[PDB]
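Every number here is computed from the coordinates shown, using simple stated rules; none is lab data. Cβ placement follows ideal geometry from the backbone for every residue including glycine, while neighbour counts extend to all protein chains displayed.
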There are 2 protein chains.
Amino acid sequence: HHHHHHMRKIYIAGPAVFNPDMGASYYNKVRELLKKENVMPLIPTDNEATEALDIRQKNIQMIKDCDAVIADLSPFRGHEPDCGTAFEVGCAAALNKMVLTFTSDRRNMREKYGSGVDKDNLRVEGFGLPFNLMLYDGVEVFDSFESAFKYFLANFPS
Amino acid sequence: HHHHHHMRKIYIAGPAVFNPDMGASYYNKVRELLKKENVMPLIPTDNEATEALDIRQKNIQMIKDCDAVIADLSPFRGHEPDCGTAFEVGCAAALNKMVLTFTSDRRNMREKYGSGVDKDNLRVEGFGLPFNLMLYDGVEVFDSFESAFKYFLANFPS
Ligand SMILES: O=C1Nc2cccc3cccc1c23
Ligand SMILES: O=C1Nc2cccc3cccc1c23
């Protein structure tokens, strides 16, 4: 009786932090969705430090502490995902964490750029993926945070 | 006598692979520089597979096998570094590898964008760093592959 109970935790990776509201609207939506399932969101801006290295270390620790990352790999400042988010996905991959990704634009990279090269003649990947192939681990690329979260619930039970 | 001798290895992360020559000119320069010091370059396109997941896995393994990563975080398709490279930097950080980064543009992000926000009113980081703060671990940001390599030689001896 009164055994320890693990509360599931998801690291909320993505460029919402750069919204004018520092991601408040996104994180609030995430908080409400996860609350219903007794899942804790690990949010990049929580208890935010002032020094870059401290912010970075705390985020790395959240990834170490999580059961899954849900990463927003939507276009950021062009057709490419946010590099901070990409770093976090790599961290999670190395730590053998469940990584779930979504994007607002699921078109292949070559469809996005409209060619096999960009405007400067740099190669656009041709693997039938919406973004850099390093970011794809075989799990479906979802359309939304919600759809990724449904996969989490089905595949990481309490 | 005849003890095993470790050959130092560096993972060569960066968007050179997207050059029209698939990085040949960049990688050849790297190869020539490293051979002089008996250091082996681990190059993303070496023995390249055909399936995205196989390429990804081989690159992650190269990072697991390396002594350091030297990562080209130069502007790619705008002021942001390449997300594949960022993923690799994250992978290396999680694995406690030495990570050395360089860029052709060392200006602060706010100097690059000319404002604290981009054209779409999205926040530009203000930490006096040239790129997303997740990509900075306290080691100096170098100006070139060569200067990063000099740090490697001074800080990872045979
Ligand atoms: O790159 C970032 N990772 C982060 C985690 C938490 C907060 C903030 C704020 C600005 C920029 C970044 C950031
Ligand atoms: O995103 C990539 N990581 C890679 C590692 C090695 C080769 C190639 C080729 C195209 C695209 C990518 C790539």
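Details
- Spatially proximal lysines relative to B:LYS119 (Cα-Cα < 21 Å; intrachain offsets below 8 disregarded): A:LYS112, A:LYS119
- Degrees between helix B:145-155 axis and first principal axis of chain B (Cα, 0 to 90, nearest 10): 60 degrees
- Overall form of region B:16-105 per C-alpha gyration tensor (a/c, 1.5; a/b vs b/c): rounded
- Kirkwood Rh, angstrom, region A:63-158 [1 / mean 1/r, Cα pairs]: 14.0 Å
- Nm distances between copies for B:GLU37, ranked from closest, using label points 7 Å along Cα→Cβ: 4.7
- Residues whose amide H falls under 5 Å from that of A:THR101, counting only those 5 or more places apart or on a different chain, are A:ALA71, A:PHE142, with hydrogens built in the peptide plane.
- Note on B:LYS97: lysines with a C-alpha under 24 Å away, same-chain residues under 8 apart excluded, are A:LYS58, A:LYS64, A:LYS97, B:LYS9, B:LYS29, B:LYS35, B:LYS36, B:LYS58, B:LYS64, B:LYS150.
- Long-range HN-HN contacts of B:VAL117 with modeled amide H, under 5 Å: B:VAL124
- Antiparallel bridges, percent of DSSP beta bridges restricted to the protein assembly as shown (to nearest 5): 5 percent
- For peptide A:40-52, the mean count of partner chain Cβ atoms within 10 Å of a residue's Cβ comes to 1.
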